[PDB]
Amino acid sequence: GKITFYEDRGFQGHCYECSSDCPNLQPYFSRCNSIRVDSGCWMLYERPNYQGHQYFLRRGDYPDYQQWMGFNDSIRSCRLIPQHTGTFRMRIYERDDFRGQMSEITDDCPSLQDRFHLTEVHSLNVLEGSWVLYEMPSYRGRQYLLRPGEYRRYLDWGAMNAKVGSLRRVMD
């Protein structure tokens, strides 16, 4: 994977090229107002150690931070997301700790409201592949990376509430 961070918009100013996970990008650049992703699927984070607002980016040019639905120009850590192939799989649950009704999801869902008549998910279990959870339908709003593993409370994917609008498999 290869991603380049620019301090100013329109691919101007001090920049930095990255090809791996980095838990603290501050030793390399101070702010980010545009990005070129040459390859790889990336999750970017507002704060060091993969904290704060999260943003999903794939190959392409992003001339302003609005293009990754940014809240501000802070990008201080990043993950190169492993690219799974074949069946992605996750189980979603109505209640904490894998309780309540369970639904299995093995494809993209642009509206959990349309598919399940749900506005919230309170726990989920990611069995295969990485995913991005979105606050709003059609892959909009706040974003949260779901790697394989257990998420027994919504707090575990970094959200401040259980609102879930859409879910996307991380694919190139």
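Basically, rigid core = biggest C-alpha set you can superpose within 1.5 Å across the two forms. Quick note: we count residues from 1 along the sequence shown, nothing fancier.
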Open item on the list: Out of 29-37 and 134-142, which one drifts farther from the shown form in 4 other deposited structures of this protein in terms of CA positions, with the fit done on the rigid core?
Closed with: 134-142
Task: Mean Cα B-factor comparison, 148-156 or 12-20, giving the higher one as deposited - done: 12-20
Task: Higher-scoring stretch by recorded Cα B factor average, 61-69 or 130-138 - done: 61-69
Open item on the list: Highest Cα temperature factor in the entry, among the options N49, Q54, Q113, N125: which one is it?
Closed with: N49
Task: Member of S103, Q143, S39, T106 with the greatest C-alpha B factor (per the PDB record) - done: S39
Open item on the list: Lowest, middle or highest third: which one holds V121 when the chain's residues are ordered by CA B-factor from the entry?
Closed with: lowest
TODO: Going by the recorded CA B-factors, say which third of the chain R91 sits in, lowest, middle or highest.
DONE: lowest
Open item on the list: Is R169 in the lowest, middle or highest third of its chain when residues are ranked by C-alpha B-factor?
Closed with: lowest
